[PDB]
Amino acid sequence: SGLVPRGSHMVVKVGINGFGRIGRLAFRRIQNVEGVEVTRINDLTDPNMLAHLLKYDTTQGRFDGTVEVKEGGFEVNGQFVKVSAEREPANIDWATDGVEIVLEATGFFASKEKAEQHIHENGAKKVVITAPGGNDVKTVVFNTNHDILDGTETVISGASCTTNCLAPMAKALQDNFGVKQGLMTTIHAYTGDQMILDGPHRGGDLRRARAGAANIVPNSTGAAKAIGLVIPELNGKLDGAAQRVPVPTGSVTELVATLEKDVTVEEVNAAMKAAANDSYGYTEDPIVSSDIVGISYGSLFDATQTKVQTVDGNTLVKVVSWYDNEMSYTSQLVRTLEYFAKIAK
């Protein structure tokens, strides 16, 4: 390569738009990254609300450090972070606080055209969307395809929680055995786009309208359909859907697939274990969803759930991987942000 990455001693200043579940957890992880520092947060509320929500967290625990509210922001372990309440990305003066890269984590500007509103005079230089960002934006799952970045990009995508879970599992199947086709079901924690109790859903979804913590709720997901953005050779081969269920975080992805090469359960499991790294984990323990809350793997393969069914010479393969849709995704997002910040030019 010729990427001439900055050292982690060269601290890149970052902005967060949307201090929500992903925004706040990203902020937490950035405290333990040497070369990245958050100097500006933009949301729709006062500093006290945001400071309180950083300090206390229902699913991810108390903040590791001190948080203290101040005029126009709050201090985190002594260091001041500016807070603003600007509804339009175009009006945020990111350059005032030295911000080069924005984490776009509101859920309202997840496209090239909308995210580009952050890039203007007195604005930011680059934007990382914390969600799928359309087919014209480079979409990175860290340790699967982050080598597609050269640092000249203005808008990139960190993909979805489900994509970060599925990608290394699907890639391992492809590289070892060849994937012909497959169908995915993710059994997913409820999220902030569902209603706490039955009521009109602003996006017109009749199922997200329903009480999220009291129902099994079917819903759509693009993670299988858009896997070609991450793994080109799987383009058009996967499709899927979700069943959202009453846990506040923690999810699992099942993939049923046909393969080119013949396999046994043992060979499938061995292939996953050999593909394991900081992003893709491996376990043979019979765990449940609470055991993956707060993990740093993007995807945790569960060898206890593997199936290989051969009937009349035709085989279906089932592979299953866990993910904390909050912290698993956030860990991948911050790995990508850190890498992008180093090569940004």
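Throughout, we count residues from 1 along the sequence that is shown.
Mean Cα B factor from the PDB record: higher for 175-183, or higher for 156-164?
Higher of the two, by average CA B-factor, is 175-183.
When the C-alpha temperature factors are averaged for each of 286-294 and 302-310, which stretch ends up with the higher value in the entry?
On average, C-alpha B-factors are higher across 302-310.
Which of these has the highest Cα B-factor in the record: 30, 320, 53, 67?
That would be 67, according to the entry.
Highest CA temperature factor in the entry: which of 263, 169, 141, 213?
Each of 263, 169, 141, 213 was compared by C-alpha B-factor; the highest is 263.
Just say lowest, middle or highest third for the CA B-factor of residue 188 relative to the other modelled residues in its chain.
Lowest third.
Considering only modelled residues of the same chain, in which third does the CA B-factor of residue 107 rank: lowest, middle or highest?
Middle third of the chain for residue 107's C-alpha B-factor.
Per the entry's values, where does residue 327 land by CA temperature factor relative to the rest of its chain, in the lowest, middle or highest third?
It falls in the bottom third of the chain.
How does residue 269 rank on Cα B-factor within its chain, lowest, middle or highest third?
Tercile = middle for this residue's CA B-factor.
Classify residue 145 as lowest, middle or highest third according to the C-alpha B-factor given in the PDB entry, relative to its own chain.
Middle third, going by the recorded CA B-factors of the chain.
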